[PDB]
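Here we start with a single chain on its own, the form solved without its partner chain, put down as structure tokens.
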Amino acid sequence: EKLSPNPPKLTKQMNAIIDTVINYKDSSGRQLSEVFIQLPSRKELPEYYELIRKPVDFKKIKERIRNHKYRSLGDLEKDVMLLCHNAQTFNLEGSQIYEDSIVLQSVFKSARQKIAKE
């Protein structure tokens, strides 16, 4: 089965996991994903592209689910962990963005364990 199409059930699970991550709010009602939806342009933040080898945003992850680029829930996981890794690489330790990216890793893993195990 190594090369085979993604079942509709799997694609639905992928979208539900990523929607849980994108929609996640703190107790104040702030949506943590907001800044991570779209990458900055190379004109507005050139130094991002000098430091980050493999840029990714949540828009691109949603596109990759739709175009069947993830072979597995593990491949989806790897791209979400890459996004969060890039945020921690570029942004200052202790910054809101840096901290938010750590919480989103946990939100992803919780959603995967709950949705795929139920």
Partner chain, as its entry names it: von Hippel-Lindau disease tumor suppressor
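Residue numbers count along the first chain shown, from 1.
The same protein also has a form deposited with its partner chain bound, omitted here; what follows describes it.
is_contact(residue 75, its partner chain) in the entry with it bound, heavy atom dist at most 4.5 Å | Residue 75: no, not in contact with its partner chain in the entry with it bound.
Can residue 30 be called a contact residue for its partner chain in the entry with it bound at 4.5 Å between heavy atoms?
-> Result yes; residue 30 sits at the interface with its partner chain in the entry with it bound.
Partner contact for residue 95 in the entry with it bound: its partner chain, 4.5 angstroms, heavy atom | Yes - in the entry with it bound, heavy atoms of residue 95 and its partner chain come within 4.5 Å of each other.
Can you tell me which bits of 12 to 26 touch its partner chain in the entry with it bound, meaning any heavy atom within 4.5 Å?
-> Only a single residue, 26, comes within 4.5 Å of the partner.
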